[PDB]
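Shown below: query_36.txt, with compact mmCIF, C-alpha atoms.
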```
# COMPACT_ATOMS: atom_id res chain seq x y z
CA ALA R 17 0.00 0.00 0.00
CA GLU R 18 2.81 2.44 -0.93
CA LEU R 19 5.20 3.32 -3.77
CA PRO R 20 8.86 2.89 -2.69
CA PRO R 21 10.95 4.61 -5.46
CA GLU R 22 13.22 1.56 -5.87
CA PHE R 23 11.66 0.69 -9.25
CA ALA R 24 12.96 3.97 -10.64
CA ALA R 25 16.52 3.11 -9.54
CA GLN R 26 16.26 -0.58 -10.50
CA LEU R 27 14.82 0.16 -13.97
CA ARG R 28 17.43 2.90 -14.41
CA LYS R 29 20.31 0.53 -13.61
CA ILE R 30 18.69 -2.18 -15.78
CA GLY R 31 18.35 0.23 -18.71
CA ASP R 32 22.03 1.24 -18.49
CA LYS R 33 23.17 -2.40 -18.45
CA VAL R 34 20.65 -3.39 -21.15
CA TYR R 35 21.73 -0.50 -23.40
CA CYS R 36 25.40 -1.46 -22.90
CA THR R 37 24.47 -5.08 -23.68
CA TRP R 38 22.59 -4.31 -26.92
CA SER R 39 25.05 -1.65 -28.16
CA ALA R 40 27.95 -4.09 -27.86
CA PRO R 41 27.68 -6.98 -30.39
CA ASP R 42 29.14 -10.50 -30.08
CA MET R 43 32.57 -9.40 -31.33
CA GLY B 147 -1.33 12.31 -41.12
CA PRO B 148 0.17 15.68 -40.01
CA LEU B 149 -2.46 17.84 -38.28
CA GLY B 150 -0.59 19.66 -35.52
CA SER B 151 3.13 18.93 -35.32
CA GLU B 152 4.25 15.38 -34.46
CA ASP B 153 0.85 13.65 -34.53
CA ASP B 154 2.20 10.76 -36.65
CA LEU B 155 4.89 9.99 -34.04
CA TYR B 156 2.27 9.45 -31.32
CA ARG B 157 -0.05 7.24 -33.43
CA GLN B 158 2.73 4.96 -34.75
CA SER B 159 4.21 4.65 -31.25
CA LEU B 160 0.85 4.06 -29.56
CA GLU B 161 -0.16 1.35 -32.06
CA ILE B 162 3.13 -0.55 -31.65
CA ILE B 163 3.24 -0.23 -27.84
CA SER B 164 -0.48 -1.05 -27.44
CA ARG B 165 0.04 -4.08 -29.69
CA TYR B 166 3.24 -5.24 -27.96
CA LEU B 167 1.95 -4.92 -24.37
CA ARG B 168 -1.44 -6.51 -25.18
CA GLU B 169 0.24 -9.30 -27.20
CA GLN B 170 2.72 -10.24 -24.45
CA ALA B 171 -0.06 -10.10 -21.83
CA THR B 172 -1.72 -13.10 -23.53
CA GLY B 173 1.24 -15.33 -22.66
CA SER B 174 1.63 -16.51 -26.26
CA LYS B 175 4.03 -15.47 -29.04
CA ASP B 176 1.32 -13.83 -31.15
CA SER B 177 1.64 -10.77 -33.40
CA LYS B 178 -1.44 -8.91 -34.64
CA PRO B 179 -1.30 -6.46 -37.60
CA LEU B 180 -1.36 -2.67 -37.21
CA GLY B 181 -4.02 -0.34 -38.62
CA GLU B 182 -1.72 2.59 -39.37
CA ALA B 183 1.78 1.44 -38.39
CA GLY B 184 2.36 -0.84 -41.39
CA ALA B 185 6.05 -0.43 -42.21
CA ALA B 186 7.13 1.08 -38.89
CA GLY B 187 4.69 -1.05 -36.90
CA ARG B 188 5.90 -4.40 -38.28
CA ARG B 189 9.59 -3.42 -38.10
CA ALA B 190 9.25 -1.97 -34.60
CA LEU B 191 6.81 -4.59 -33.22
CA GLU B 192 9.11 -7.42 -34.33
CA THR B 193 12.15 -5.69 -32.80
CA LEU B 194 10.32 -4.50 -29.65
CA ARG B 195 9.17 -8.08 -29.07
CA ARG B 196 12.66 -9.57 -29.48
CA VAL B 197 14.31 -6.81 -27.40
CA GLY B 198 11.50 -6.47 -24.84
CA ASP B 199 11.56 -10.21 -24.15
CA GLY B 200 15.36 -10.34 -23.91
CA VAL B 201 15.45 -7.41 -21.47
CA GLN B 202 12.65 -8.64 -19.17
CA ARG B 203 13.70 -12.32 -19.30
CA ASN B 204 17.31 -11.48 -18.37
CA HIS B 205 16.35 -9.18 -15.47
CA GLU B 206 13.20 -11.25 -14.75
CA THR B 207 14.06 -11.63 -11.04
CA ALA B 208 14.41 -7.86 -10.68
CA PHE B 209 11.23 -7.24 -12.68
CA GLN B 210 9.24 -9.78 -10.62
CA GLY B 211 10.67 -8.33 -7.41
CA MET B 212 9.38 -4.89 -8.37
CA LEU B 213 6.16 -6.42 -9.76
CA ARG B 214 5.41 -7.94 -6.35
CA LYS B 215 6.57 -4.73 -4.66
CA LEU B 216 4.22 -2.64 -6.82
CA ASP B 217 0.71 -2.00 -5.49
CA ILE B 218 -0.56 -1.16 -8.99
CA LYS B 219 -4.23 -2.13 -9.40
CA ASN B 220 -6.16 1.04 -10.37
CA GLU B 221 -6.05 4.08 -12.68
CA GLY B 222 -4.46 6.13 -9.89
CA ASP B 223 -1.28 4.02 -9.99
CA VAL B 224 -0.39 5.30 -13.51
CA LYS B 225 0.82 8.56 -11.89
CA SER B 226 3.66 6.67 -10.18
CA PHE B 227 4.32 4.49 -13.25
CA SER B 228 4.70 7.53 -15.52
CA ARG B 229 6.89 9.18 -12.88
CA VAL B 230 9.13 6.09 -12.59
CA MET B 231 9.43 5.95 -16.39
CA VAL B 232 10.49 9.61 -16.71
CA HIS B 233 12.63 9.25 -13.55
CA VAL B 234 14.83 6.75 -15.42
CA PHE B 235 16.00 9.65 -17.65
CA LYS B 236 16.47 12.09 -14.73
CA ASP B 237 20.21 12.35 -15.48
CA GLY B 238 19.44 13.57 -19.01
CA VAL B 239 20.75 10.43 -20.71
CA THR B 240 18.01 9.19 -23.07
CA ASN B 241 19.50 5.77 -23.89
CA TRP B 242 17.42 3.24 -25.88
CA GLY B 243 18.10 0.54 -23.27
CA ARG B 244 16.32 2.68 -20.68
CA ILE B 245 13.41 3.43 -23.04
CA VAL B 246 12.87 -0.25 -23.93
CA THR B 247 13.25 -1.25 -20.26
CA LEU B 248 10.22 0.93 -19.49
CA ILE B 249 8.30 -0.83 -22.28
CA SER B 250 9.37 -4.28 -21.06
CA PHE B 251 8.27 -3.11 -17.61
CA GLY B 252 4.90 -2.06 -19.02
CA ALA B 253 4.54 -5.45 -20.70
CA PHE B 254 5.50 -7.12 -17.39
CA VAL B 255 2.73 -5.20 -15.60
CA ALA B 256 0.33 -5.85 -18.51
CA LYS B 257 0.88 -9.58 -17.93
CA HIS B 258 0.35 -9.11 -14.17
CA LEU B 259 -2.97 -7.35 -14.84
CA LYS B 260 -4.04 -9.90 -17.49
CA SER B 261 -3.14 -12.78 -15.13
CA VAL B 262 -5.86 -11.50 -12.77
CA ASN B 263 -8.21 -10.56 -15.66
CA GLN B 264 -7.89 -6.77 -15.18
CA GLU B 265 -7.59 -5.78 -18.89
CA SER B 266 -9.78 -2.75 -18.05
CA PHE B 267 -6.66 -1.25 -16.44
CA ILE B 268 -4.25 -2.46 -19.15
CA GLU B 269 -5.71 -0.17 -21.84
CA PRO B 270 -5.35 3.06 -19.70
CA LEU B 271 -1.94 1.81 -18.53
CA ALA B 272 -0.58 1.23 -22.06
CA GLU B 273 -2.05 4.61 -23.02
CA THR B 274 -0.42 6.40 -20.07
CA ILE B 275 2.85 4.56 -20.76
CA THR B 276 2.92 5.58 -24.43
CA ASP B 277 1.71 9.12 -23.75
CA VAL B 278 4.12 9.96 -20.91
CA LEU B 279 7.05 8.04 -22.47
CA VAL B 280 6.73 9.93 -25.77
CA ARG B 281 5.58 13.26 -24.24
CA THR B 282 8.83 13.60 -22.23
CA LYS B 283 10.95 12.53 -25.24
CA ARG B 284 9.29 14.20 -28.25
CA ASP B 285 12.31 15.97 -29.78
CA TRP B 286 14.66 13.05 -29.02
CA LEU B 287 12.31 10.54 -30.68
CA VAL B 288 11.50 12.73 -33.72
CA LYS B 289 15.21 13.50 -34.26
CA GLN B 290 16.15 9.82 -33.90
CA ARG B 291 13.87 8.79 -36.83
CA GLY B 292 11.45 7.40 -34.23
CA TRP B 293 10.99 3.63 -34.36
CA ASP B 294 13.23 3.55 -37.46
CA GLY B 295 16.28 4.54 -35.41
CA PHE B 296 15.12 2.34 -32.53
CA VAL B 297 15.05 -0.88 -34.60
CA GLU B 298 18.41 -0.15 -36.29
CA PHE B 299 20.16 0.28 -32.91
CA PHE B 300 19.05 -3.16 -31.68
CA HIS B 301 19.81 -4.70 -35.10
CA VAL B 302 23.56 -3.91 -35.00
CA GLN B 303 24.21 -7.49 -33.83
CA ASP B 304 23.74 -9.18 -37.21
CA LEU B 305 20.72 -7.85 -39.11
CA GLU B 306 21.29 -4.30 -40.40
CA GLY B 307 24.36 -2.96 -38.60
CA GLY B 308 27.72 -2.02 -40.09
```

Please express the file's structure as structure tokens.
Amino acid sequence: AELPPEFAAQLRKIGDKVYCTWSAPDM
Amino acid sequence: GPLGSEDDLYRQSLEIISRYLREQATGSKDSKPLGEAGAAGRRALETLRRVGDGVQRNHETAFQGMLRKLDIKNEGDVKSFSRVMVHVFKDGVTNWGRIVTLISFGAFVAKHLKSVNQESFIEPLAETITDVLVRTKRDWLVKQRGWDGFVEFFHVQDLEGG
């Protein structure tokens, strides 16, 4: 029954890692 | 069709996002056709599905953790969802990985709502997601060729990158 702003941080960190994972190809 | 300024950007984006989130919520690997987003819709929906799944499946534990932590059940929750989405770009770095993460998150919640037969909240959610996501990134999206630039970025692996 409350919104702890951890999703914002988690999703942010995930996005950074995801972006770095998709930008870099299997080379 | 251009009526105001970037009307086309919203429609194409909404169609693809609405299709992707609703599709994934079914639990099956389906893919329904678009009404306006023909070229962009098929190119972006196919890519958004492949990328959205890869992102959410990899960080599934984190997504589920937040999914169980989230108290989202009504139309009032969208305020926090939209805030979290825009909050991801609070540093000013509009990276695709962050944008797609928010979409994969939306799809994750769409599934959560569909699992309990709450589609009535999925429509307004997908709408709020698309609206807020694009509203806070209008210039960036229009300058980046929209979904055209989006698909190319995630296709640098071995599809159309070089």

Chain B contacts to chain R at 7 Å (only C-alpha atoms) as a ChimeraX atom specification: /B:201,212,216-217,230,233-234,241-244,247,300,302-303

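Atom pair CA of residue 292 in chain B / CA of residue 159 in chain B: separated by 8.3 Å.
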
Between CA of residue 154 in chain B and CA of residue 285 in chain B - distance in Å to one decimal: 13.3 Å

Distance query residue 276 in chain B at most 10 Å, all atoms listed in the file, self and fewer than 3 positions along chain excluded, as number ranges by chain: B: 156-157, 159-164, 228, 248-249, 252, 270-273, 279-281

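In this structure, CA of residue 198 in chain B sits 4.9 Å away from CA of residue 250 in chain B.
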
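Nearest residue to residue 218 in chain B, choosing from B:256, B:232, B:185, B:193 and counting only C-alpha atoms: B:256.
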
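Proximity ranking of B:289, B:178, B:203, B:188 relative to residue 253 in chain B places B:203 first, based on only C-alpha atoms.
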
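Here the question is which of B:269, B:283, B:215, B:167 gets nearest to residue 238 in chain B using all atoms listed in the file, and that residue is B:283.
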